[PDB]
Amino acid sequence: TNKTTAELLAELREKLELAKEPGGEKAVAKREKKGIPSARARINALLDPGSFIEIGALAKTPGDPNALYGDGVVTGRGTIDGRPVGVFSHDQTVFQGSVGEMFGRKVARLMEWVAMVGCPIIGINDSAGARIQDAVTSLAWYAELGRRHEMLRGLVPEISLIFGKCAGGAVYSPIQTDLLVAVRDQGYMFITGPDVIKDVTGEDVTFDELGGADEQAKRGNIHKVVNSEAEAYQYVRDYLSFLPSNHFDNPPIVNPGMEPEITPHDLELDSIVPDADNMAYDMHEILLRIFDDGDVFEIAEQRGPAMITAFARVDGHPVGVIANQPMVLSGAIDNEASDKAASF
Amino acid sequence: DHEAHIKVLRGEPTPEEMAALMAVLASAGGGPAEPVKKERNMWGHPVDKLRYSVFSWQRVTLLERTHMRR
Amino acid sequence: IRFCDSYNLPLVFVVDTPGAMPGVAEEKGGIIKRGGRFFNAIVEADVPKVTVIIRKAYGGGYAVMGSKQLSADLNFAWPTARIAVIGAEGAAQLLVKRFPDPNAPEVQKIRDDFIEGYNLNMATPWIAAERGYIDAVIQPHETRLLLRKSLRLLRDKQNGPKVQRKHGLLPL
Amino acid sequence: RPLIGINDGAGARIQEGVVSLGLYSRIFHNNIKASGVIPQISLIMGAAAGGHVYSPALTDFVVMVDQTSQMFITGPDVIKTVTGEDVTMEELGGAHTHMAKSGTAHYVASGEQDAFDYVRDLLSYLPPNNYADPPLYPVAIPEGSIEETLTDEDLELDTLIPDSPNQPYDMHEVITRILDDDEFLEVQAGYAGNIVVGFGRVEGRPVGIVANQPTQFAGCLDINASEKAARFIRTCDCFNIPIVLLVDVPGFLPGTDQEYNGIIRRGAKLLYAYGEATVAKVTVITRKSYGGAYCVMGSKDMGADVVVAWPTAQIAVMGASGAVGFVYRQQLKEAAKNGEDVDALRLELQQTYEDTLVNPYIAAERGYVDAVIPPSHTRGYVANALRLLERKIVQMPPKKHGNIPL
Amino acid sequence: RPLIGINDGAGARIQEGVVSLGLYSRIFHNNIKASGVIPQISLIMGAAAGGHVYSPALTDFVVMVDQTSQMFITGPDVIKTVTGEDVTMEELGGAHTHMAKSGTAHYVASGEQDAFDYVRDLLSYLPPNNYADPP
Amino acid sequence: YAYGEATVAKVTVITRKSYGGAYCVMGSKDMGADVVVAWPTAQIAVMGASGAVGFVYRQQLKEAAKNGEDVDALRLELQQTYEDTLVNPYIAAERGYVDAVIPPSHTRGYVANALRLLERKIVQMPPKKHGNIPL
Amino acid sequence: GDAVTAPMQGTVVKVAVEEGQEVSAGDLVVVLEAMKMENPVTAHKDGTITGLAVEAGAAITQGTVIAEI
Ligand SMILES: CCC/C=C/C=C/C/C=C/CCCCCCCCCC(=O)SCCNC(=O)CCNC(=O)[C@H](O)C(C)(C)COP(=O)(O)OP(=O)(O)OC[C@H]1O[C@@H](n2cnc3c(N)ncnc32)[C@H](O)[C@@H]1OP(=O)(O)O
Ligand SMILES: CCC(=O)SCCNC(=O)CCNC(=O)[C@H](O)C(C)(C)COP(=O)(O)OP(=O)(O)OC[C@H]1O[C@@H](n2cnc3c(N)ncnc32)[C@H](O)[C@@H]1OP(=O)(O)O
Ligand SMILES: *C(=O)CCCC[C@@H]1SC[C@@H]2NC(=O)N[C@@H]21
């Protein structure tokens with residue numbers, strides 16, 4: 001006896017409702033106990049309303065009765081401001097979000113997708129540690145996922161949102177990407193945690209000193225620190241609005257032709273530079289006046305603060321701005337200023 | 001509401017003068033807005049006619065980009 | 001690696017490493033980006049890549065030292081190879097992080113038995129060999145002539161598919 | 001630019017001698033040169049004899065007129081001389097012969113104006129050349145998710161598949177519900193009816209459909225259907241038209257004559273065509289996809305960009321009655337030694353195999369299916385994929401050409 | 001470099017699921033990528049059934065061993081069930097059938113060493129790839 | 001198709017017959033044959049002389065029948081005249097479809113010399129993703 | 001020809017016509033169980049069913065004439 005077509009469709013609908021919370025009630029409760037949103041709720045707040053199409057929702061580890069749908073990551077595609085993107089989000093409710101085989105295969109499939117279409121990819125990272133029951137599989141799939149940045153580096157923008165403890169092997173894929181945005185007091189990044197640093201070296205260190213968001217931003221591992229995940233999503237939107245989808249296409253043109261004549265704001269530049277040569281001033285006073293408007297979108301502002309790297313627009317066209325900041329260390333080009341500029 | 005409207009900056013027409021004006025302006029409209037029916041056809045594109053050195057960087061930044069840009 | 005790729009020299013990786021050196025000084029010194037650049041370079045390189053593992057290949061040491069997953073072409077291991085996510089002592093230490101009573105005799109017995117089992121069953125060549133993460137386990141004396149045969153096979157390697165573009169970006 | 005040839009002529013002008021053969025050779029050489037470069041369409045509107053047949057054979061599409069057009073290499077009189085066979089020109093080379101038997105005619109028009117209308121429909125899907133995009137109609141896409149934008153016609157797909165897996169349905173009912181305005185230009189409709197191929201639009205964008213047809217040979221693949229779909233796929237891929245496969249295939253048609261006429265060699269052409277193709281490739285599985293036919297009909301590892309399955313999809317190595325024989329052969333032998341009701345044992349084991357494995361979910365678990373979807377979602381998934389994959393940044397290893405089975 | 005496949009196998013390993021079909025698809029896709037890039041030679045030295053038949057068909061040359069190798073998609077017992085035809089596996093798929101009838105075998109060797117000799121002779125005429133100089 | 005697309009050196013030796021569309025298929029000059037040579041026994045024609053004379057000099061054979069002539073003897077004499085005039089290599093050689101008519105013994109030398117001349121060829125074809133061979 | 005013929009060997013499960021009934025192209029003529037499918041065999045042309053030759057439950061071979069239209 002087979003089931004009817006209607007019964008099969010009803011079964012599908014209920015299985016899809018299961019696969020939207022595959023960790024089950026206890027993991028939902030532990031997530032609400034910590035107050036974090038789900039991986040899907042994160043994706044749905046990033047993307048344009050209703051644009052998300054999930055790929056591999058029903059994936060499971062082969063030959064494992066204890067496998068859970070999705071294997072600990074959500075992957076799919078959607079739009080930001082109507083422009084295609086790929087997105088993945090770690091789901092710490094399934095196997096603590098550790099890297100399984102199907103986790104690897106799904107993220108690899110997505111990376112190949114965005115390479116094939118030529119669109120940005122956003123990773124929402126919170127914890128992708130080694131899987132306790134199959135750590136050699138996690139080692140292999142960290143490496144397999146890493147390798148596929150070969151398809152993307154300098155072809156499509158890659159963005160990493162650091163919404164949790166990015167530790168161990170999990171640090172090396174994000175650090176390949178073009179833009180890392182960490183939530184303050186929530187995102188962390190470090191190879192070796194405080195416990196093992198203590199028991200190997202004897203040293204004591206806190207999470208914040210080791211890999212806190214503002215420390216990693218001053219070190220230049222993180223490009224942006226924000227106070228909330230919503231602010232991270234808005235920084236990503238603003239960032240992508242200066243950029244083409246890929247190495248080939250054109251960027252969006254925003255407000256061309258404004259203010260075609262000399263303005264009073266242009267005339268303020270004639271007296272903006274101090275008379276005395278020793279006096280410092282804020283370079284943002286110049287940058288806010290020489291481009292199309294005040295939308296000087298700064299990147300890695302904490303890293304080497306004697307240097308400004310920002311996007312701006314000229315006649316509606318996006319440009320990169322590299323400016324010295326006399327307000328900080330007289331604007332001398334130090335170590336971090338040099339590498340910030342070179343990367344930008 | 002963030003469309004740029006027609007503004008009568010000076011003068012105050014009657015309804016009939018406004019109607020005559022707007023009918024004339026609409027007849028003077030530019031026709032169909034944009035040639036949305038324009039289609040990509042790269043056959044015989046000028047960049048394919050150029051001689052490139054076998055090691056020319058313009059193979060990347062000119063030829064390839066022109067073929068691939070969409 | 002970038003220099004060698006630029007001048008078309010094949011790369012031979014000879015592995016005996018626990019991976020990245022832990023500590024606050026290395027983290028502040030930039031170990032994440034520097035490892036990222038090592039990974040970037042090894043995947044970027046088009047030249048033939050052959051690997052021989054001698055003893056340890058733990059974690060990122062395994063990955064970066066010409067693993068097959070990072071596009072190495074031929075991977076061999078001596079029978080002393082130990083391929084794992086972490087060494088036996090690190091696995092034992094987290095084992096003992098739970099129910100921590102490190103002064104007791106019984107937990108030292110548990111550590112010793114765990115390390116013994118781990119070095120017999122986990123940190124070996126054999127799981128990687130049975131999964132095909134490495135291409136062969138070899139007698140050490142074979143290495144010289146096997147390198148000759150392998151690099152003769154790989155001499156005309158063409159690396160693809162790759163999308164031509166201005167350049168690859170790297171952690172910088 | 002497209003080249004249209006209207007063919008009607010008694011072969012070489014005999015009085016001129018070998019010069020006519022030299023000009024035939026040059027014509028053929030130009031057809032081969034143009035192959036895959038510009039669309040070539042051949043109308044046959046009278047008797048085409050001798051050398052006149054080979055140029056149409058080399059073009060991309062052949063349209064013949066019913067009763068009034070013929071193609072043949074050598075006439076009935078020579079055939080009678082050499083073989084004794086008595087045949088009319090109509091039986092030898094008429095439009096019905098080249099549709100149903102030889103697989104050479106892509107369309108059989110009711111008359112000359114109907115033939116012209118078909119040619120204009122074709123050209124409306126085709127680009128002018130392989131460096132150009134197919135002509136795209138501007139279509140107002142609704143705004144919202146796939147679930148939010150379902151129509152009543154989309155909802156008709158949720159009930160289309162019969163409750164019995166032994167009951168066929170006409171695959172045209174699916175094709176015309178996913179295509180815009182129900183408009184499907186079927187190609188070669190009177191040949192190898194176990195597979196349906198043709199052109200339509202999704203949101204204005206030309207697509208090639210390839211779909212198994214359950215009402216003919218249960219939708220099995222065979223020699224003729226494999227060759228029909230292989231060349232349709234290669235034409236679409238030459239001219240940048242993306243393809244959608246609708247899959248309901250139990251396997252290959254069993255028979256000694258399929259093996260002797262070369263099902264292995266000739267069926268492999270469809271594998272090759274699909275694996276060569278670099279346009280967007282979407283698969284929709286609507287019930288069965290078994291074994292080697294699963295591999296052929298747009299599997300993920302053959303490079304299908306998007307694979308979706310309906311809840312009724314059955315993806316398996318083989319049918320459960322075959323599988324049980326091997327996966328439980330030991331148990332059946334033990335029961336036979338015990339003298340048990342091994343027939344009821346086979347029924348029970350088969351039911352368990354069907355309930356465990358003959359479904360879409362094992363392939364979805366492996367990620368061979370990207371999503372298992374309500375049937376109404378099909379048009380939305382297709383439209384999304386085709387919009388995103390207008391340019392695919394994929395490449396083959398450099399070669400002069402491939403070596404497809406012939 | 002040339003790829004030589006020696007084929008001898010009863011199809012997909014049925015206890016393994018559709019995973020075997022995914023691997024078949026990957027193998028065929030590689031045969032299609034390699035087509036016209038490197039010489040691909042298939043020796044058939046036993047009964048190749050089901051999915052094992054398409055990879056040979058995608059390679060450039062097929063050498064079968066007489067009376068001791070077969071290729072067929074569907075087995076004689078399924079043929080008997082569906083069509084009533086009795087056929088031996090040798091009539092269905094033998095080296096002689098795939099030479100003289102279906103045009104799938106490029107050589108029928110009298111034995112395994114004769115098949116290897118034919119393969120070495122074939123290779124002696126071929127370059128290693130589509131861009132190297134001929135021997 | 002395969003012959004027309006091939007861009008390697010293509011050499012044709014016509015030994016005896018090459019009729020009709022099969023002359024086109026079997027390596028005709030305008031199908032891109034680099035060197036065509038013919039033996040003295042070559043016979044290059046639209047069709048066999050019996051069919052050709054069954055067509056040209058039709059009507060003439062029919063008024064011979066109406067006048068009651070021995071039309072079978074006339075048909076024989078017309079066949080011989082056609083064979084002697086046209087069914088030979090020389091009309092093709094006059095139009096340059098054959099590059100040389102050669103003693104058969106010269107064949108090995110001509111082939112070797114042509115292959116050495118043609119060992120490097122450039123042939124330029126329109127750009128395509130791939131061709132669309134009949135299948 | 002006018003012969004509707006069994007395209008497959010199979011078991012006749014149902015006959016959808018009677019002798020002398022008018023039928024139109026694409027009308028159902030018989031249901032044959034073959035290859036585990038209730039395969040429809042349909043009239044190819046308009047006409048009248050003559051020489052109806054098949055019975056419910058009959059196994060028939062490929063090329064059996066089912067009826068002449
Ligand atoms: C022109 C075109 C060219 C372009 C070319 C472009 C090319 C680009 C190519 C780019 C190439 C990219 C390459 C990528 C390489 C791959 C990376 C390599 C893999 C690794 O490098 S791999 C090692 C892993 N290592 C370390 O690494 C450091 C050492 N680090 C450690 O050695 C430790 O790991 C530690 C502590 C320091 C890290 O931190 P931690 O280990 O993550 O955390 P913890 O153990 O303290 O957490 C608490 C624990 O309680 C346990 N637990 C039990 N029950 C429960 C429960 N109910 N709930 C929760 N927890 C539970 C559980 O075990 C959990 O641990 P967990 O769940 O296992 O994390
Ligand atoms: C390599 C290609 C070849 O070897 S083709 C060699 C000759 N083949 C032929 O088709 C010869 C004639 N064949 C025929 O049966 C008919 O022409 C076909 C094609 C069937 C058409 O029949 P139907 O429409 O009745 O025409 P028809 O036979 O009455 O001829 C009408 C006029 O056309 C002429 N014609 C015909 N074929 C040729 C030819 N190949 N070369 C030169 N002239 C040809 C006939 O002589 C006749 O001319 P006329 O106005 O009656 O004096
Ligand atoms: C049912 O009784 C078993 C035989 C039919 C099996 C079907 S037939 C069509 C498919 N092709 C094949 O080889 N097996 C499948």
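Letters A, B, ... are given to chains in the order of the sequence lines, protein chains preceding strands, and every chain is numbered from 1. Hydrogens, waters and symmetry mates play no part in the numbers below; they use all other heavy atoms, side chains included.
Minimum interatomic distance between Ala342(A) and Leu172(C) (heavy atoms only, all atoms of both residues): CB-CD2, 4.2 Å. Across all non-hydrogen atoms, the minimal contact from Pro22(C) to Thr192(A) is CB-OG1, 3.6 Å. Closest heavy-atom contact between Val85(C) and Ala130(A): CG1-CB, 4.4 Å. Residues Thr137(A) and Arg131(C) share a closest heavy-atom pair of OG1-NH1, 2.7 Å.
When heavy atoms are compared at a cutoff of 4.5 Å, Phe248(A) approaches chain C solely by way of its side chain, counted from C-beta outward. For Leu152(A), the part lying near chain C is the backbone, with the side chain staying farther off; criterion is any non-hydrogen pair under 4.5 Å. Only the side chain of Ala20(C) comes within contact range of chain A, with heavy atoms under 4.5 Å apart.
The number of heavy atoms from other shown groups lying within 6.0 Å of CZ (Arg2(C)) does not exceed 12. Heavy atoms from other residues, nucleotides or ligands lying under 6.0 Å from NZ of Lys162(C) number more than 12. Heavy-atom contacts from other residues, nucleotides or ligands closer than 6.0 Å to CD1 of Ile333(A) number 12 or fewer. Dense packing is recorded around CG of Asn121(C), with more than 12 heavy atoms of other residues, nucleotides or ligands lying under 6.0 Å away.
Here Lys166(C) is the residue among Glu44(C), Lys166(C), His167(C) with the most heavy-atom pairs under 4.5 Å with chain A. Taking chain C as the reference chain and counting heavy-atom pairs below 4.5 Å, the highest number among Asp178(A), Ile191(A), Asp339(A) is found for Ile191(A). Counting heavy-atom pairs closer than 4.5 Å to chain A, the top residue among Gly36(C), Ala128(C), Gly60(C) is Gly36(C).
In this structure, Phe38(C) CZ and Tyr172(A) OH are separated by 10.5 Å, a value rounded to the nearest 0.5 Å. Note that CZ of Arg34(C) is 12.5 Å distant from CD1 of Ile175(A), once rounded to the nearest 0.5 Å. Residue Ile32(C) holds its CD1 atom at 5.5 Å from CD of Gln216(A), rounded to the nearest 0.5 Å. Residue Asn40(C) holds its CG atom at 10.5 Å from CD of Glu150(A), rounded to the nearest 0.5 Å. To the nearest 0.5 Å, atom CG of residue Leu210(A) and atom CD of residue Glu27(C) are 5.0 Å apart. Distance CD/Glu144(A) to CD/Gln69(C): 5.5 Å, rounded to 0.5 Å.
Residue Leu169(C) is tested with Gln176(A), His149(A), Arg153(A) for a side chain to side chain contact (heavy atoms under 4.5 Å, CB included); the sole match is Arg153(A).
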Criterion side-chain contact (heavy atoms from CB on, under 4.5 Å) on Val24(C) and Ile197(A), from CA distance to verdict: CA-CA 7 Å; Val24(C) 180; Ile197(A) 286 177; 4.0 Å; yes
